[PDB]
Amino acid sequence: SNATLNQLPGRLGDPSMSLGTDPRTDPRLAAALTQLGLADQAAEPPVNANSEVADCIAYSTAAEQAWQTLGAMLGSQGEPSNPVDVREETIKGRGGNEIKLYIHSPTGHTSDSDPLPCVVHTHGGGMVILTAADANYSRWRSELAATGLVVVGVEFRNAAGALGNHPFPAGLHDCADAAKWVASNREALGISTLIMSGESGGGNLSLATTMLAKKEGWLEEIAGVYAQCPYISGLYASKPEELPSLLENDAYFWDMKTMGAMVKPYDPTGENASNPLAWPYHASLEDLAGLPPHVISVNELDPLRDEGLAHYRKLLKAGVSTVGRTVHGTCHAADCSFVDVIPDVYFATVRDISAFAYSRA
């Protein structure tokens, strides 16, 4: 797709290709990445899938700061065109830990207004790093709220970094418990329906939260899922031939050695490598049967693209109503962050999520 009969795309056709030289990159994004030094192939990481778990945790904790600074650079330079209120709520997880929730809503929305659709947002970071308080995620939740939504940002436990060190299934349980709390407080929040949404590791968590809701018998509370560039195979070390994008777009923003290392803090024993609740790509059809409508939205120049598209096809095979989209010209999660560079793409996704949430009400 978007290729030539004379050359396979990306690194499949030219191993030296990068986001800065790929003819598919949106030139505005290529220029911004070039300015930030992130258009060339990503640097070799100091850890990989052969590294010790403790070393993967330590590296992730150090890498968190760099990624948070990039997110702040990208997300803190503006605010939504419509005014938004943000308040904090703390709830109790199933095991007794406190879960902070950042609740964004249009200013002047109350339990007495007409109810708005709700997005329970699960942020990215491979389930290992980054926080809901990061500027890019706060900006995203506020831009969603400004379209007429109540957006609940879950501050779930991470496998490493500032909110670590809590392997699977800690973060999943926090996301599920947050969704259950929202579902029990529809009148107080002033909401009409609930969808799960998030990107990359947060796309994993939104998908897995919904599968867990099915397993626990409260699936009726979740009206839909909008999963962006989902990080769901866990296969970044082995590069299986069913997932060519892992080679085609390797070191476009992310080198797959980094992701192979980041798998380990989430599942230190490796016992959950094929557990669909940890890595939804490994779901069977019975795991997916009966799920509510899904949208899977992948990025064209993302090494994760093909596992997202494979999961889209599997959802359909299981009978789930599923819409599949590629956002062209973008590296991994770029439409979630580069609001100042590709605002039309960023807001096309914001509007798509909002319209989907309204369509479930």
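Quick note: we count residues from 1 along the sequence shown, nothing fancier.
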Q: Report the stretch with the higher mean CA temperature factor, choosing between 350-358 and 2-10 on the basis of the entry.
A: 2-10
Q | Comparing 65-73 with 319-327, the one whose average Cα B-factor in the PDB entry is higher | A | 65-73
Q.
Among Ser111, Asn136, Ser142, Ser245, where is the Cα B factor highest in this entry?
A. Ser111
Q. When you compare the CA B-factors of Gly153, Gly270, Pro280, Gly198 as listed in the entry, which one comes out on top?
A. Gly270
Q.
Test of reading the entry: by CA B factor among the chain's modelled residues, which third contains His123?
A. lowest
Q | Third of the chain's Cα B-factor distribution that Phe168 belongs to, per the entry | A | lowest
Q. Mind checking which third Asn204 falls in for C-alpha B-factor across the chain?
A. lowest
Q | Chain thirds of CA B-factor: placement of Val86 | A | highest
Q) Lowest, middle or highest third: where is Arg157 by Cα B-factor in its chain? A) lowest
